[PDB]
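Working notes, structure below.
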Amino acid sequence: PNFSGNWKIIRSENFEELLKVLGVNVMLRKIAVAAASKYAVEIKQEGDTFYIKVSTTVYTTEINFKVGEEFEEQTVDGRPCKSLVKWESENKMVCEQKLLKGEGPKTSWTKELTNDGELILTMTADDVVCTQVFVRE
Ligand SMILES: *C/C=C(C)/C=C/C=C(C)/C=C/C1=C(C)CCCC1(C)C
């Protein structure tokens, strides 16, 4: 698996519907969808250790994890969570998340490297799945 790379988004499906579940009001959802157009993911993978940097025009966040060990990050709408990533197959991993404080929809995400050289990210909140497709820069 070579997840490593500089990935740029080419398609984003159901993102607004995802943010709706997460309680984001309509004007901010529209502004967020527009911001997801200028949006890049940088991945460094060594074995089952990952470094992931997610960037938009004005904001950037870094994620560090090892497959199989709990780490802390944030949900899509920004609330801290405990996360755990496992492989589903050679080139797909799934992350389950647990809210640190409080309650909300069940969130998770997946990353997959296709045989065509695309990266596919899915983000889920309850029954809503957002799919985003990236290609290498
Ligand atoms: C493994 C890749 C992951 C976990 C990517 C997560 C991506 C996000 C949490 C993206 C969030 C965004 C917003 C909350 C609004 C602005 C646009 C995005 C897509 C960068």
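Labels for the structure tokens follow display order: chains A, B, ..., residues from 1 in each chain, ligands from 1.
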
Sorted by chain and rising residue number, which residues of chain A lie within 8 Å of ligand 1, and what are their closest atom pairs and distances in Å to one decimal, counting only C-alpha atoms and all ligand atoms, as a Markdown table?
```
| residue | atom | partner | partner_atom_place_in_ligand_line | distance |
| --- | --- | --- | --- | --- |
| A:15 | CA | ligand 1 | 19 (C) | 7.8 |
| A:32 | CA | ligand 1 | 15 (C) | 4.7 |
| A:33 | CA | ligand 1 | 17 (C) | 6.5 |
| A:34 | CA | ligand 1 | 17 (C) | 7.8 |
| A:35 | CA | ligand 1 | 17 (C) | 5.1 |
| A:36 | CA | ligand 1 | 17 (C) | 4.0 |
| A:37 | CA | ligand 1 | 17 (C) | 7.7 |
| A:39 | CA | ligand 1 | 20 (C) | 5.9 |
| A:40 | CA | ligand 1 | 20 (C) | 7.8 |
| A:41 | CA | ligand 1 | 2 (C) | 7.4 |
| A:52 | CA | ligand 1 | 1 (C) | 6.7 |
| A:54 | CA | ligand 1 | 5 (C) | 6.3 |
| A:55 | CA | ligand 1 | 20 (C) | 6.2 |
| A:56 | CA | ligand 1 | 20 (C) | 5.5 |
| A:63 | CA | ligand 1 | 4 (C) | 7.7 |
| A:74 | CA | ligand 1 | 9 (C) | 7.4 |
| A:75 | CA | ligand 1 | 9 (C) | 6.3 |
| A:76 | CA | ligand 1 | 9 (C) | 4.1 |
| A:77 | CA | ligand 1 | 14 (C) | 5.6 |
| A:78 | CA | ligand 1 | 14 (C) | 7.2 |
| A:109 | CA | ligand 1 | 4 (C) | 6.3 |
| A:110 | CA | ligand 1 | 1 (C) | 6.8 |
| A:111 | CA | ligand 1 | 1 (C) | 6.1 |
| A:121 | CA | ligand 1 | 2 (C) | 6.4 |
| A:123 | CA | ligand 1 | 6 (C) | 7.5 |
```

Next item on the list: Would you mind listing what lies within 9 Å of residue 66 (chain A) as a PyMOL selection string, with only C-alpha atoms counted and same-chain residues fewer than 2 positions away left out?
Entry: chain A and resi 47-50+64+68-71+84-85

Convert the current residue selection to file output with N, CA and C atoms, as a compact mmCIF listing (two decimals), in the first residue's frame.
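Saved as selection_36.txt:
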```
# COMPACT_ATOMS: atom_id res chain seq x y z
N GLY A 47 4.91 1.53 6.81
CA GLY A 47 4.30 0.37 7.46
C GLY A 47 2.84 0.65 7.80
N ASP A 48 2.47 0.54 9.07
CA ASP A 48 1.09 0.88 9.45
C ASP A 48 1.02 2.15 10.30
N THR A 49 2.05 2.98 10.16
CA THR A 49 2.10 4.32 10.75
C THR A 49 1.71 5.36 9.68
N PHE A 50 0.78 6.26 10.01
CA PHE A 50 0.34 7.28 9.06
C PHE A 50 0.49 8.71 9.58
N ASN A 64 -1.98 11.99 13.20
CA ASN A 64 -0.95 10.96 13.33
C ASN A 64 -1.55 9.72 13.99
N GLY A 68 -4.55 0.17 14.59
CA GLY A 68 -4.74 -0.67 15.76
C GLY A 68 -4.58 0.01 17.10
N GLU A 69 -4.04 1.23 17.14
CA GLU A 69 -3.97 1.92 18.42
C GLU A 69 -4.77 3.21 18.46
N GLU A 70 -5.55 3.33 19.52
CA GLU A 70 -6.37 4.50 19.77
C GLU A 70 -5.54 5.77 19.70
N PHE A 71 -6.13 6.81 19.13
CA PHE A 71 -5.51 8.12 19.14
C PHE A 71 -6.66 9.09 19.29
N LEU A 84 -9.93 4.81 16.27
CA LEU A 84 -9.22 3.54 16.11
C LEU A 84 -9.36 3.08 14.67
N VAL A 85 -8.23 2.91 14.00
CA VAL A 85 -8.22 2.54 12.59
C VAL A 85 -7.85 1.06 12.45
```

Margin query: I need the alpha helix (DSSP H) residues of chain A per DSSP on the backbone, written as a ChimeraX atom specification.
Written below: /A:15-21,26-35

Taking C-alpha atoms for each residue, export the selection above as a CSV table (one decimal), in the first residue's frame.
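Below you can see part_28.csv, which holds the result:
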```csv
chain,number,residue,atom,x,y,z
A,15,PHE,CA,-20.8,16.7,1.9
A,16,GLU,CA,-23.6,19.2,2.7
A,17,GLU,CA,-26.0,16.4,3.7
A,18,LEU,CA,-23.2,15.1,6.1
A,19,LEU,CA,-22.8,18.6,7.7
A,20,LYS,CA,-26.6,18.8,8.1
A,21,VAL,CA,-26.7,15.7,10.3
A,26,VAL,CA,-27.5,26.2,6.1
A,27,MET,CA,-25.3,29.2,5.4
A,28,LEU,CA,-22.2,27.6,6.9
A,29,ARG,CA,-22.9,24.4,5.0
A,30,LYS,CA,-22.8,26.2,1.7
A,31,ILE,CA,-19.6,28.1,2.7
A,32,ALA,CA,-18.1,24.8,3.8
A,33,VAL,CA,-19.0,23.0,0.5
A,34,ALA,CA,-17.3,25.9,-1.3
A,35,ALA,CA,-14.2,25.5,0.8
```

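Interatomic distance, CA of residue 90 (chain A) against CA of residue 62 (chain A): 23.8 Å.
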
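Between residue 10 (chain A) and the residues A:45, A:72, A:114, A:38, the shortest atom-to-atom distance, using only C-alpha atoms, involves A:38.
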
Sorted by chain and rising residue number, list the residues of region 74-119 of chain A at most 9 Å from region 126-130 of chain A (counting only C-alpha atoms), each with its closest atom pair and distance in Å to one decimal, as a tab-separated table.
```
residue	atom	partner	partner_atom	distance
A:105	CA	A:126	CA	5.4
A:106	CA	A:126	CA	5.1
A:107	CA	A:126	CA	6.5
A:108	CA	A:126	CA	8.9
```

Note to self: Taking the DSSP secondary structure from the backbone, can you list the residues of region 47-134 of chain A that are strand (DSSP E), as a PyMOL selection string?
What the structure shows: chain A and resi 49-55+60-66+71-74+80-89+92-99+107-113+119-125+128-134
